[PDB]
Amino acid sequence: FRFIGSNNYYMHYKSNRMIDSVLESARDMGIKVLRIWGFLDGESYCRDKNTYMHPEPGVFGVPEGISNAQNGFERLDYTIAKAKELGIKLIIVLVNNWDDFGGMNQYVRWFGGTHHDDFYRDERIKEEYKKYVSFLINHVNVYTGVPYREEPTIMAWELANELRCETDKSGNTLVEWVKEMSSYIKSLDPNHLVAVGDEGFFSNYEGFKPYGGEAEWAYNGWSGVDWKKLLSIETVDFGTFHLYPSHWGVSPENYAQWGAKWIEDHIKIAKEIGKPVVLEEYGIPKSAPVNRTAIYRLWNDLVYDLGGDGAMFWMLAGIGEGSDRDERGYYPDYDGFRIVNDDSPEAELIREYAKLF
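So the mapping is simple: PDB author numbering equals the position in the sequence shown, first residue as 1, plus 36.
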């Protein structure tokens, strides 16, 4: 099973019309897998979307006494039930490295810590994360009757979006946390694949250096991620990596070739370990002084020809509503990476590649 996929982060709090638009767009484009957020941590983040999943420790869903709110598990249930109908598989990510939708820092605030990376080390935090993941994995979808643990529309659980641990550049803190949490998830759910959800950084591997000497920090262990060690964990089934040369310090004239080397290096390493590998986010800013579609073509050709298992662009959006609606009625392109099901050369390329994978 090899695929073209995409990402969408608003499938757990937007309306039925907007969720149906994304999933129908995915089906129309041939996109087989969508990677979505399965978290909304913190009372202020929940209140901002009027949608609740984990507003305080041990509170899963809407707090007693709050009326007129959405329950993010109900919205995720709708998304799963619609994906099931439309034939789209989902990867569901269980916490954010970043502060959007609360993330690890929200857990650290609840438990009175003093650094983001306390999320990996404080046993009271680790316990709360497991309590949340167990609630979610066991949740019975109100539209299907099937608990997420048994739902084949979910392709994989992912531990943490773009996890980093800059305070331990040995990589050991993350190896230990990933071992613990991936084994924990396998103990709850022996049916589903588990992956980390990290960006794929290396930690000074002999013979692996960046194209052009740019973004050496992604190759030299600065973020505390040792991708090869994470992929060798028994309870991790496939490798994940992300690709954003414009964020990482690469020059525009080197975006294509830096990304090409990055893909080649990840596929070579995962093939030696013997596990599948997915490029599960990639993006070039719409305004880059290079041909974005031609870079995307290059990168998708490399994944396809080298035997990578999937390539998923960040990100797919559909129709918008209310304050998230642009000049064409779509959810806006806030970050410069949005693709929609239109006549753009990027949309045309994705449709073309979805026919090949």
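From the three backbone atoms N, C-alpha and C, an ideal C-beta is built for every residue, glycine too.
Separation of residue j from residue i, as counted between CA atoms
i: residue 144; j: residue 341; result: 43 Å
i: residue 210; j: residue 200; result: 8 Å
i: residue 53; j: residue 180; result: 19 Å
i: residue 235; j: residue 131; result: 14 Å
i: residue 133; j: residue 140; result: 6 Å
i: residue 257; j: residue 155; result: 19 Å
i: residue 205; j: residue 255; result: 12 Å
i: residue 230; j: residue 192; result: 5 Å
i: residue 224; j: residue 270; result: 16 Å
i: residue 146; j: residue 216; result: 21 Å
i: residue 278; j: residue 318; result: 6 Å
i: residue 111; j: residue 343; result: 35 Å
i: residue 355; j: residue 74; result: 21 Å
i: residue 227; j: residue 273; result: 12 Å
i: residue 363; j: residue 233; result: 33 Å
i: residue 339; j: residue 104; result: 46 Å
i: residue 158; j: residue 172; result: 21 Å
i: residue 282; j: residue 76; result: 28 Å
i: residue 352; j: residue 186; result: 27 Å
i: residue 383; j: residue 207; result: 38 Å
i: residue 374; j: residue 219; result: 35 Å
i: residue 357; j: residue 51; result: 9 Å
i: residue 292; j: residue 83; result: 40 Å
Residue environment, residue i, which counts as buried when at least 16 other CB atoms sit within 10 Å
i: residue 150; result: exposed
i: residue 391; result: exposed
i: residue 203; result: exposed
i: residue 370; result: exposed
i: residue 309; result: exposed
i: residue 328; result: buried
i: residue 346; result: buried
i: residue 262; result: buried
i: residue 153; result: buried
i: residue 365; result: exposed
i: residue 379; result: exposed
i: residue 44; result: buried
i: residue 246; result: buried
i: residue 125; result: buried
i: residue 178; result: exposed
i: residue 336; result: buried
CB of residue i within 7 Å of CB of residue j, strictly
i: residue 267; j: residue 275; result: yes
i: residue 348; j: residue 388; result: no
i: residue 67; j: residue 97; result: no
i: residue 71; j: residue 393; result: no
i: residue 313; j: residue 306; result: yes
i: residue 25; j: residue 118; result: Any question about residue 25 goes unanswered here, given that the chain covers just 37 to 393.
i: residue 94; j: residue 138; result: no
i: residue 244; j: residue 301; result: yes
i: residue 168; j: residue 90; result: yes
i: residue 285; j: residue 251; result: yes
i: residue 290; j: residue 249; result: no
i: residue 101; j: residue 87; result: no
i: residue 377; j: residue 47; result: no
Where residue i falls: helix, strand or coil (DSSP)
i: residue 183; result: strand
i: residue 346; result: strand
i: residue 145; result: helix
i: residue 276; result: strand
i: residue 258; result: coil
i: residue 119; result: helix
i: residue 270; result: coil
i: residue 107; result: strand
i: residue 304; result: helix
i: residue 130; result: coil
i: residue 309; result: helix
i: residue 322; result: coil
i: residue 360; result: strand
i: residue 124; result: coil
i: residue 339; result: helix
i: residue 41; result: strand
i: residue 352; result: strand
i: residue 289; result: helix
Any chain C beta carbon closer than 7 Å to residue i
i: residue 106; result: No chain C appears in this structure, which consists of one protein chain only.
Runs of beta strand (DSSP E) wholly within the stretch 43–101 (minimum 3 residues, chain order): 69–73
Length at least 4, wholly inside the stretch 159–225: the alpha helix (DSSP H) runs in chain order: 159–173 and 208–224
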